[PDB]
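Working notes for the structure below.
Chain A is the first sequence line, chain B the second, and so forth, proteins listed ahead of strands; every chain is numbered from 1.
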Amino acid sequence: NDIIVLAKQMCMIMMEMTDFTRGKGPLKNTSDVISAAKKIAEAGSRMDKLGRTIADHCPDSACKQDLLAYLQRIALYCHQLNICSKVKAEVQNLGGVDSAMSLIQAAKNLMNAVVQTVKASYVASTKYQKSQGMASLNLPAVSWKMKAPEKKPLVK
Amino acid sequence: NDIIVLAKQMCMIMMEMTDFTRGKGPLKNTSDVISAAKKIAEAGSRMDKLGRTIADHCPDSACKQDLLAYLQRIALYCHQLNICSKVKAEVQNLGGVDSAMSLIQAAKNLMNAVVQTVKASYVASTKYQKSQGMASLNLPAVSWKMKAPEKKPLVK
Amino acid sequence: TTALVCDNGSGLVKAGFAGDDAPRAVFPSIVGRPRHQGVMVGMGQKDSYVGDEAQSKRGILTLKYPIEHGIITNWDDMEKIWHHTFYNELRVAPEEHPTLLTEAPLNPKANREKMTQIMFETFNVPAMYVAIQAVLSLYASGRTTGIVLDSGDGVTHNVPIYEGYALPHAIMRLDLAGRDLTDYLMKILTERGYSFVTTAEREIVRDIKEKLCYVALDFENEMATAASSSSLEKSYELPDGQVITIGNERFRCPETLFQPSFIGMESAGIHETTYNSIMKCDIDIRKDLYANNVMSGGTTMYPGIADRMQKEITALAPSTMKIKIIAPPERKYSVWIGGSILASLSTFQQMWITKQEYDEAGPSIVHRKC
Ligand SMILES: Nc1ncnc2c1ncn2[C@@H]1O[C@H](COP(=O)(O)OP(=O)(O)O)[C@@H](O)[C@H]1O
Ligand SMILES: [Mg+2]
């Protein structure tokens with residue numbers, strides 16, 4: 001599944017960003033964070049087309065409404081990261097973990113929106129599989145690696 | 001007789017359960033009771049097939065009606081014990097003689113239904129011995145260890 | 001091929017698969033809608049949140065419960081709740097699993113009929129069934145005899161069952177449950193100067209009630225103790241760091257179950273209702289009903305409610321009687337556990353309402369099959 005692998009490699013990037021936040025990870029300082037923000041935004045735009053296609057192959061008054069909501073969130077988060085990374089690149093070039101916090105917060109927001117988009121896409125594809133167009137996408141509820149939900153604790 | 005020995009070994013289990021109820025027996029606490037409930041339910045399912053066969057080899061408007069009634073009671077009780085034991089197992093794993101009471105009550109109910117099924121099976125086999133099919137079962141009213149009923153007290 | 005079990009309570013949805021021993025989805029049965037001004041582009045496209053989605057964002061939402069008192073009042077929000085349950089929480093396709101649903105007794109028939117219709121026509125379930133929650137509680141308790149006192153967010157009901165036979169004339173329903181206690185606690189928290197008005201603040205007060213409230217074994221000595229000392233006062237930290245202290249609101253709020261006149265109701269307490277239900281039963285089954293007082297539901301989860309329950313019923317019943325209150329540790333999910341016991345039963349598989357039967361007989365099939 002293209003959606004799953006794209007979102008999950010972005011999750012790898014977003015893990016490396018939190019690891020820099022904890023102060024011990026594969027990124028030395030702000031410049032690595034700026035580069036990571038740029039690539040996570042690019043992968044978010046790719047995710048944006050994947051969501052666009054799954055939405056376009058869906059009936060109107062269907063799960064496509066939530067999916068388009070999450071896609072619009074994705075678009076704002078990716079755009080904020082690209083301009084903010086350009087801003088902080090310029091600031092570094094002229095003159096900062098505090099600076100890294102804005103990019104990391106935007107990345108957290110984007111990753112949360114991407115998780116929401118992933119589950120929305122899965123529901124849209126499963127619910128309307130043998131509707132025409134979705135078959136061409138060939139997303140048969142198995143390419144999605146959906147675990148069974150784990151049982152609740154009876155006593156808390 | 002398979003029916004008699006199965007029911008009577010289940011009676012041994014159900015005795016050990018009451019002995020835990022009295023607080024002095026071969027079971028230390030709830031975990032032993034859960035295990036005993038699981039095995040008594042398994043033996044009840046075995047009893048369920050034994051009753052099924054004796055019923056299937058019986059005429060329609062015969063003692064098979066009562067026997068099927070008691071078999072359905074057996075099915076309900078055995079299923080309740082298996083889920084209740086699983087629920088009690090999860091509760092113990094997360095966090096109880098009061099807990100043992102539900103399993104012991106279900107076990108009492110199951111054992112009573114099994115006694116009813118035993119006598120119903122005996123009546124069905126004796127009443128319709130040289131009907132075809134019952135002979136193949138080879139249950140000639142002697143494999144059943146039926147005592148003579150004891151006399152009533154003339155003065156009370 | 002595996003049945004679903006959705007326990008639609010007034011407060012929480014308990015959903016899962018038949019055969020399992022615990023629900024896999026337990027989320028609030030609320031739908032939230034934004035009530036403020038969306039000022040960022042794309043951040044206001046989602047117009048409705050369901051379940052934990054709404055409790056997470058409840059600071060900008062208006063939370064609504066589709067079910068009051070066990071009757072579904074909003075059929076478009078409940079429909080959203082069910083869509084969430086099936087697709088986002090359980091992640092199944094409803095048209096392959098039979099669904100077991102639960103309902104309180106003495107409830108409008110249109111409720112059950114419209115549940116049947118929504119299942120069979122919006123979710124295309126192959127079969128469905130509507131079961132009474134107290135019978136399911138008795139299933140989960142491993143008994144076939146006993147009187148069940150089930151209290152949830154919306155309704156408290158008493159169903160006496162003996163040897164698997166219900167006595168429907170002795171069933172008692174009382175529209176006083178967790179949400180009424182939450183409202184009463186919001187009301188009496190104002191005596192200390194704490195004002196919780198919004199629906200989100202109602203969720204905060206529900207949390208306060210779940211964490212701090214308990215049932216006093218003897219109400220008057222507890223009031224005297226709270227007046228004399230400050231030993232019963234406990235603190236609670238609000239979501240923004242303010243700390244509140246409540247002394248006798250802790251046992252005054254649950255006392256409304258035993259003194260419904262606290263909230264202006266004329267009915268009898270749950271002990272009196274239980275006794276009155278036992279005394280509408282045949283005299284020969286009363287002894288076994290006294291000894292099996294199954295309590296299920298989350299409103300029966302107060303510390304000390306079983307002790308007070310037994311004390312009151314012992315006062316009411318004869319002195320030679322055998323009063324036992326059965327309160328399992330997991331009784332917050334007894335209805336779901338019993339529903340999964342029933343839906344997995346081998347003898348139950350001819351008791352589903354198949355879609356063929358629905359197509360023959362309309363939604364009215366549910367009153368005669370269930
Ligand atoms: N520990 C607790 N103490 C007191 N009340 C509780 C506790 N946990 C849950 N509740 C109350 O129980 C209600 C939910 O119980 P539940 O049986 O799930 O209701 P329903 O059947 O309506 O979904 C809520 O109103 C909540 O206020
Ligand atoms: Mg309930």
Do the charged groups of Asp282(C) and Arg286(C) touch, with an N to O distance under 4.0 Å? no

Applying the salt bridge (charged side-chain N to carboxylate O under 4.0 Å, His left out) criterion to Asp153(C), which one of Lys209(C), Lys332(C), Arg179(C) satisfies it? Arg179(C)

With a 4.5 Å limit on heavy-atom distance, are the side chains of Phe20(B) and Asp32(B) in contact? no

Any side-chain donor near an acceptor of the partner, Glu68(C) and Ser10(C), under 3.5 Å: no

So, does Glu16(B) use its side chain to make a donor-acceptor pair with the main chain of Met12(B) at under 3.5 Å? no

Tell me yes or no: between the side chains of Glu42(B) and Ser45(B), is some donor less than 3.5 Å from an acceptor? no

Are the aromatic ring centres of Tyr129(C) and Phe348(C) under 6.0 angstrom apart? yes

Atom CD of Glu312(C) and atom CG of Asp218(C): how far apart are they, to the nearest 0.5 Å? 8.5 Å

Would you confirm whether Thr126(B), through its side chain, and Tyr122(B), through its main-chain N or O, come within 3.5 Å as a donor-acceptor pair? yes

The single option from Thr256(C), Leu174(C), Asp175(C) that satisfies side-chain contact (heavy atoms from CB on, under 4.5 Å) with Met265(C) is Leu174(C)

Could you measure the distance from the CD1 atom of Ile285(C) to the CD atom of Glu163(C)? Nearest 0.5 Å is fine. 9.5 Å

How many angstroms lie between CE in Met111(B) and CD1 in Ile104(B), if you round to the nearest 0.5 Å? 15.5 Å

Where does the angle between the aromatic ring planes of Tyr184(C) and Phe262(C) fall among parallel (under 30°), tilted (30 to 60°) and perpendicular (over 60°)? tilted

Are the charged groups of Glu90(B) and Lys151(A) less than 4.0 angstrom apart, N to O? no

Between the side chain of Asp150(C) and the main-chain N/O of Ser137(C), is any donor-acceptor distance below 3.5 Å? no

Taking atom NZ as the centre, does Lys369(C) end up with more than 12 heavy-atom neighbours from other residues, nucleotides or ligands that are less than 6.0 angstrom away? yes

Salt bridge or not for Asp56(B) and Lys64(B), using N-O below 4.0 Å? no

Any side-chain heavy atom of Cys370(C) sitting closer than 4.5 Å to one from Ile353(C)? yes

side-chain hydrogen bond (donor to acceptor under 3.5 Å, both in side chains) assessment of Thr102(C) paired with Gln133(C): CA-CA 6 Å; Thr102(C) 75; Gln133(C) 312 174 329; 3.1 Å; yes

Taking the side chain as every heavy atom from C-beta outward, state whether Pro98(C) and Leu4(C) have any atom pair closer than 4.5 Å. no

Worked check of side-chain hydrogen bond (donor to acceptor under 3.5 Å, both in side chains) between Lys88(B) and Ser99(B): CA-CA 7 Å; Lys88(B) 246 54 93 228; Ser99(B) 74; over 6 Å; no

Are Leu100(C) and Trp352(C) close enough that some pair of their side-chain heavy atoms sits under 4.5 Å apart? yes

Regarding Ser277(C) and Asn158(C), do their side chains bring together a donor and an acceptor under 3.5 Å, going by distance alone? no

Any sub-3.5 Å donor-acceptor pair from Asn111(C)'s side-chain atoms to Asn107(C)'s backbone N or O? no

Verify, without hydrogens or angle tests, whether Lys28(B) (side chain) and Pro26(B) (backbone) share a donor-acceptor contact under 3.5 angstrom. no

Does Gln65(B) have more than 12 heavy atoms from other residues, nucleotides or ligands lying within 6.0 Å of its CD? no

Counting heavy atoms not belonging to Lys24(B), are there more than 12 under 6.0 Å from its NZ? no

Expected output: side-chain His69(C) to main-chain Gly154(C) donor-acceptor under 3.5 Å: yes

Got a sec: does the CE of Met146(B) have more than 12 other heavy atoms crowding it under 6.0 Å? yes

Cation-pi, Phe17(C) ring and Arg24(C) (6.0 angstrom, 45 degrees): no

Carboxylate-amine/guanidinium contact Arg308(C) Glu255(C), below 4.0 Å: yes

Are the side chains of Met295(C) and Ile325(C) in contact, using a 4.5 Å heavy-atom criterion? yes

Report yes if some heavy atom in the side chain of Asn112(B) is under 4.5 Å from a heavy atom in the side chain of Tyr70(B); otherwise report no. no

Using a 3.5 Å distance criterion without hydrogens, assess whether the side chain of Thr156(C) forms a donor-acceptor pair with backbone atoms of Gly152(C). no

Contact check, side chains of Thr145(C) and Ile161(C), non-hydrogen atoms, under 4.5 Å: no

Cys6(C) vs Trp82(C) side-chain heavy atoms within contact, under 4.5 Å: yes

Would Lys211(C) and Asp207(C) pass as an ion pair if we require N to O under 4.0 Å? yes

Are more than 12 heavy atoms from other residues, nucleotides or ligands located less than 6.0 Å from atom NZ of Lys86(B)? yes

Expected output: side-chain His97(C) to main-chain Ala3(C) donor-acceptor under 3.5 Å: no

Pair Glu222(C)-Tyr214(C), side-chain donor/acceptor within less than 3.5 Å: yes

Spell out, as yes or no, whether a donor-acceptor pair under 3.5 Å connects the side chain of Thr354(C) to the backbone of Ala127(C). no

Check whether any side-chain N or O of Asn109(B) sits under 3.5 Å from a backbone N or O of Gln105(B) as a donor-acceptor pair, and report yes or no. yes

